[PDB]
Structures are given as structure tokens and as C-alpha cells.
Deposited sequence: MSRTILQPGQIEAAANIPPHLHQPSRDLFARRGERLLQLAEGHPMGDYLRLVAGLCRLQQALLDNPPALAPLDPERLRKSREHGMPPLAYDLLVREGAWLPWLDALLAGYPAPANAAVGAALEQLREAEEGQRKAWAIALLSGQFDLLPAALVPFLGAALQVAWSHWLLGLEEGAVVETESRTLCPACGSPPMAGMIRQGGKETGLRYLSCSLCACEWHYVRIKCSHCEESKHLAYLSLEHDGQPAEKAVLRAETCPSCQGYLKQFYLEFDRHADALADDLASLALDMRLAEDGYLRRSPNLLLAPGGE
């Protein structure tokens, strides 16, 4: 099982997990806000706007050339994802405050070229080239668009090469790792939510397998049964947060990431770098 397409309910599940994690959480109000956005993502995915279909010849060529069928840079430039942004904005009539109201308005008012420039920046990790307040909304629109496209492939089309650091469906970096019930490890795409098998004893950026280290931080919840452990690598000074479903089967790559930002800081002070984007949260900015 090299590949896992996400559930058609991925966004509802993500929202529910966020609500579950938010209870008694220092950033619970924020996490509950993101849950609302994830609920919107599910409603959109269940009721797509009119979309230009994927060119079946272009799919054929990209597959013939060993490229991801939903290669993000190409598709983000073509603009066929744009009706998702329109739908998300129209489906968000009740923002929490004036600043989010202002973020949505900038997105509503921006024309195609502007929206595309921001989307290219976000998907390439150039956070200084879009406004931080727009990130969650633009990111959420792009995630729905790419998951919709993913769920409509065309099985065989997604590459199943055996030690890819980048998503075989869209070419984006993972947001997190997922260790599924000896016990197989998957990378989880930051964009399309494709999960793909990646050898368990290897750094997710540089491909060194040399003795990596595994780091968990207390939660009341003991460390031998930890759901979160960061994989750390001294050769590239990278870390990747990974969730172990053996200890909580409801663990979600996006929701458990947003609920464990304390570990990121513990690592970012220990001299470790994160190269796994979360498209709903700027660093940022």
C-alpha cells in the first residue's frame, strides 16, 4: 500500500479533530476558528463549483515525462483552481473580526493575476510575497482544489516511486509524517493531502539514514505513548513532526500540527529547521 488517497470526508474529520484537540488547549480559540474553515472546505468539496476539467492530453504527457499529474507550479499558473477561491469567499459571510474581514475583502477584490501571484508565493514558501492574514483563506482554497483534483484521478496516474521527498501527485512538500499501525510510515502532502510511503529510517529532506533522533514533549500524557514525535537529523539539521496512529487513531496531519506548535519552538531553539509547510498558517508575518 504505497499510496493513500485521502477520505472524501478529510475536511470534516480535520475540523472534528481540531475541536477535540482545542478542549483545554492554550490556543483553543484559534484551533476552533480553523475548525470552522475546515468545515467550509468540506462543504465546498461536497458541492464543487463549475470547473474546467483537467486536460487529458496534458495529464498523459506529464505522466509520460515522469512528472506529478497535478504539478503545483504549472496548475497554479493555469488558474483553473480560481472558482474554489470565489466559492470559499462567498461561503464565508461571517468573519470573526475586522482584520479577517479586511483579509477576505482583499482576496475578493484582487484580480486573477494578483490572486495567482499570491498563490505561487504561498505554494513556493515565499511568505514575504503575500499578506500573512490572507494565508489561511488562500491556502484553504488551494487545498480543496488540489484534493478535489486528486480524488478525481485516474488511478495509476500518481507516481509510486519509493523514496520521494515530494508528493508524487502534486510535487509539494509534506506537512507531516504519519506512522500507521514494524509499522509503515507515510508522508502527508501539504497541498493535496495525498499520503505516500517513505522509508521509515530516513531523513525526509536530505536522504541520510544515519542514526536519526526522535523527540517528544509532555502534554499529563506520557512519552512512551506519545502521539507526536519529531524526527530530527543532524546532517541537515531538519525536523519533521510525525503522528503515530497506534496511540491515537484520530490523529490528523493538519490538526495535530496546529495543536503542537510548542514542539516547533522547542526544536527551532535547538537549532533545527522545518521544511514542511502548513498552508493554513504563516510563520508569519
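Should a student be asked to find the unmodelled regions, what ranges of the deposited sequence would be the right answer here?
Deposited residues absent from the model fall in 1-18, 200-203, 242, 309.
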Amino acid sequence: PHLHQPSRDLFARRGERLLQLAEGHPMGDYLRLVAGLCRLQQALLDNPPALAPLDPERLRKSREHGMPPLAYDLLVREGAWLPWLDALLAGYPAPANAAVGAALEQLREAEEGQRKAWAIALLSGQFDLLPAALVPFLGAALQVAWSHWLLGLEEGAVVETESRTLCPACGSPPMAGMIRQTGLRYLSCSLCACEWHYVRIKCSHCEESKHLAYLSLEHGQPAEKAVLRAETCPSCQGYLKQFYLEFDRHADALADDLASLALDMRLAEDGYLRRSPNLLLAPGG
From here on, numbers count along this sequence of modelled residues.
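Which of the two stretches, 120-128 or 157-165, shows the higher mean Cα temperature factor in the record?
Looking at the recorded C-alpha B-factors, 157-165 comes out higher on average.
Compare the mean C-alpha B-factor of 265-273 with that of 10-18 as given in the PDB entry, and name the stretch with the higher value.
Comparing 265-273 with 10-18, the higher average CA B-factor belongs to 265-273.
Which is it among 257, 64, 218, 248: the one with the largest CA B-factor in the entry?
The C-alpha B-factor peaks, among 257, 64, 218, 248, at 218.
From 181, 143, 172, 106, pick the one with the largest CA B-factor in the entry?
The listed residue with the largest C-alpha B-factor is 181.
Would you mind ranking residue 252 by its C-alpha B-factor against the rest of the chain and naming the third, lowest, middle or highest?
For residue 252, the deposited C-alpha B-factor lands in the lowest third.
Classify residue 188 as lowest, middle or highest third according to the C-alpha B-factor given in the PDB entry, relative to its own chain.
It falls in the middle third of the chain.
Going by what the PDB entry lists, where does residue 197 fall on CA B-factor within its chain: lowest, middle or highest third?
Middle third.
Is the Cα B-factor recorded for residue 235 in the lowest, middle or highest third of its chain?
It belongs to the highest third of the chain when residues are ordered by C-alpha B-factor.
Please place residue 203 in the lowest, middle or highest third of its chain by C-alpha B factor as given in the entry.
Top third by C-alpha B-factor.
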